[PDB]
Amino acid sequence: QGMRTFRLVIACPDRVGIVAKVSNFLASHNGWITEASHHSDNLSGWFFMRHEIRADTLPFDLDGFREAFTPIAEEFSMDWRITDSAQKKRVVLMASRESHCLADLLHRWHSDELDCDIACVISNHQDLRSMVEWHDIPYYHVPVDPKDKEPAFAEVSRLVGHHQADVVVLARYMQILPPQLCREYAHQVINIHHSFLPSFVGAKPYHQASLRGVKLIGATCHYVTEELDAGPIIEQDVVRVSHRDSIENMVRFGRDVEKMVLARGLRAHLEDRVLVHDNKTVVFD
Amino acid sequence: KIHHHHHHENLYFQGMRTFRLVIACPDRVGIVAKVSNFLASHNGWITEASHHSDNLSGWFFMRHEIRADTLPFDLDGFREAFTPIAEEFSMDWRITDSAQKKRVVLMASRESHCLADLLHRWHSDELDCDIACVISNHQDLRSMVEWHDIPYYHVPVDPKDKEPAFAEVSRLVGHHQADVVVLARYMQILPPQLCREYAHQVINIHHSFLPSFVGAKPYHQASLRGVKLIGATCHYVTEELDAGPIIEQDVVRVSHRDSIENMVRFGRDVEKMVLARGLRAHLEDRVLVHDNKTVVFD
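Residues numbered from 1 in each chain as written, not as in the entry; some residues may be left out. Chains lettered and ligands numbered in written order. Heavy atoms only, no water. Residues with missing side-chain atoms left out of burial classes, pairs and counts.

Scanning chain B from N- to C-terminus turns up 9 helices and 13 strands. Counting only C-alpha atoms and orienting by the principal axes, one finds that chain B spans roughly 60 × 50 × 45 Å. Within chain B, contacts between residues separated by at least 24 positions form 66% of all contacts whose residues are at least 6 apart in sequence. (Helix = DSSP H or I, 4+ residues; strand = E, 2+ residues; numbered from the N terminus. Contact = heavy atoms within 4.5 Å.)

Quick look at the environment of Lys204(A) now. All names here are of chain A. Among the structural elements, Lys204 can be located in the loop between strand 9 (189–193) and helix 7 (205–212). By relative accessible area, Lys204 is classed as partly exposed at 30%. For the pair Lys204 and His194, spaced 10 residues apart in sequence, the C-alpha separation works out to 8.7 Å. (Buried < 20%, exposed > 50% of the residue type's maximum accessible area, 1.4 Å probe, protein only.)

Another point: the UniProt feature "active site" (unreviewed entry) in chain A. Residue and element names in this part refer to chain A. UniProt records the feature "active site" (unreviewed entry) for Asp229 in the present numbering. With respect to the secondary-structure elements, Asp229 resides in the loop between strand 10 (216–223) and strand 11 (233–240). Not counting the four nearest positions on each side in its chain, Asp229 is found in contact with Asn191, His193, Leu197, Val201, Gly202 and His222. (UniProt positions renumbered as here; feature names shortened; annotations may be inferred.)

Once that is clear, we can look at the domain arrangement of chain B. One widely used convention gives an interface's size as the accessible area the parts lose upon coming together. Residues and elements named next belong to chain B. When the domains of chain B are assigned, the result is domain 1 (1–100) and domain 2 (101–298). Relative to domain 2, the C-alpha centre of domain 1 lies at a distance of 29 Å. The interface is formed by 19 residues belonging to domain 1 together with 14 residues belonging to domain 2. Summing the contributions of domain 1 and of domain 2, the shared interface buries around 1,200 Å²; its carbon and sulfur component is 53%. Considering only the surface of domain 1 that becomes buried against domain 2, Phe61, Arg63 and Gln100 emerge as the three largest contributors, covering 36% of it. Counting across the interface, domain 1 meets domain 2 through 4 salt bridges. One salt bridge connects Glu65 with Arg286, and the closest N-O pair in it is separated by 3.8 Å. Of all the secondary-structure elements, those providing two or more residues to the side of domain 1 that touches domain 2 are strand 1 (18–26), strand 2 (46–54), strand 3 (59–67) and strand 4 (92–97). (Domains from an automatic or database assignment. Buried area = accessible area lost by both parts, 1.4 Å probe. Salt bridge = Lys/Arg side-chain N within 4 Å of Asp/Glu carboxyl O.)

With 28 residues of chain A at the contact, the number on the chain B side is 26 residues. Breaking the side of chain A that touches chain B down by element, the ones donating at least two residues are helix 3 (100–110), helix 4 (129–134), helix 7 and helix 8 (247–270) of chain A. Split into classes, the residues belonging to the side of chain A that touches chain B amount to 7 nonpolar, 9 polar and 12 charged. (Nonpolar A, V, L, I, M, F, W, Y, C, P; charged D, E, K, R; others polar.)

What follows is about the pattern of salt bridges. With the rule as written, the count across this model stands at 54 salt bridges over all chains. Among the salt bridges present, the one from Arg268(B) reaches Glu113(A), with a minimum N-O distance of 3.1 Å. Placement of the pair is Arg268(B) in helix 9 (residues 260–283) and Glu113(A) in the loop between helix 3 and strand 6 (117–123), with the two residues belonging to separate chains. When its relative accessible area of 13% is taken as the criterion, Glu113(A) is described as buried. Residues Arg264(A) and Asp237(A) are paired through a salt bridge, measuring 3.0 Å at the closest nitrogen-oxygen approach. Note that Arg264(A) is positioned in helix 8 and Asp237(A) in strand 11, a separation of 27 residues in sequence. Look at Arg264(A) and you get partly exposed, because its relative accessible area is 37%.

In this section: the packing of aromatic side chains. Residue and element names in this part refer to chain A. The tally for this structure, following the rule as stated, stands at 14 aromatic pairs over all chains. Ring geometry for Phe25 versus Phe69: centroids 5.7 Å apart, planes at 70°, classification edge-to-face. Here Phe69 lies in helix 2 (residues 62–75) and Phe25 lies in helix 1 (residues 18–28), a separation of 44 residues in the sequence. Look at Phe69 and you get buried, because its relative accessible area is 0%. Counting every residue linked through ring pairs, the aromatic cluster contains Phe6, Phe25, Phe60, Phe65, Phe69 and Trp80. Sitting over the ring of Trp32, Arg54 keeps its end group 3.5 Å from the ring centre. (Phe/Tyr/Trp six-rings, centres within 6.5 Å; stacked < 30°, edge-to-face > 60°. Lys NZ or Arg CZ within 6 Å of the ring centre and 35° of its normal.)

Structure, rendered in structure tokens:
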């Protein structure tokens, strides 16, 4: 149950023989499949698949499996990858002043639940340094001059680059990202937004929810794209509120939802379970 | 622009000191007339009022939050001035001061998820209380507790002779003058005197949706039964095992896709959410116990 696996993730145009062709390849090579997920989107004519395969009994290393599988990938014009479960992804966390999401992720990492390397935390304030330095994770204070954002932008993108980041996570980071960053890290920048999108975009979404008098509020984990708050949704959830709940109390319930939803989305990402197509996700749980 | 003005207005009135009057008594026609008249006569402005009748036992429950500074006396004077009404109506009652922090003793064994959640809420000023200390049967959680400058007492349990451990937990809880003892996944037997001395002041988080799956390894039990939801139960500890008054419960969906280790992991999130919610209700004097059940005024 604590065994090394390779994960094969595929999105491609639907073809009749893909399951046959991939299963023949895997079975003939003693691919012990521990997990297999499938989805067809008949309206766009696309197919999606994910396999977890025992590494030790497959007669390939990671590079050799990639090479051996390339002829099938090319035959079916696949968007694909193979990863090694024992190869930790490098995560960069970004945070401003709110600590709830950051502390949650750091606890999960510290307790060996969240399987990854936290490369560093970047922040526009000094507030969260102490909690981050307790974990012996580098903490970087990159303050943002609102009159001149280019130096802040450059230093963020340099630090991300230096740490060879595989994922950038905005744990309630409230400033504008360097515009190039989501272009270079396409579907690798994960945000937690504090409303149940597409409702209540913009500033103070709990205030907006209170004024509209909704009976449930929520949070949305999504990939960041060039268009504000419009990126592919990875996970959402909600919590019930009533007339009895002041804004302060809604914000407080919201923190718990934000924490949970970000954690679920990041882990799905880390485990190579999330695929993006037509600005939407398939999430193989 | 209307959503920012609402941001200022909401901050403007926040954090004003209240007294909390909490009553349970035999239900009678004139209880509310008499209490509200008493408050009105002393110019007390009630900013929250929650009433409940239990028609099967014929009991009445109420909680009023009153602006402390609209009244002409301190907490002691309120108690003395209110005693005649309490006696007339045979009330089980109390008055607390929102500015007086309750002293919480936390207990933990090896699992850190509930304890870290509560410590974080405390440190970020969300959880209004003083954490007097953490008592633990192991040394594992020392480092995280001591970072917060909270005392940590390692009281190892000798499973052959449990009395030296029991005596020390009781001494420590007494020395810190605890108002609440919270078992943040503490897995050892409590001193039997503790839940009698601290009646309805010892709060536990149990890792099953009670009354299902009592005993050892509740997640393993759920997996074998093949249920499609699992949960956690926050409850007061009483002399009878697992049977105490339930404060809060919640659940998370599971399916055939989920291994026991996945279910245990989902469990940790339900446990910590449910414990936090239950502790907060208690700290705010929103929980009244009657007939082994709770009224929770939200």
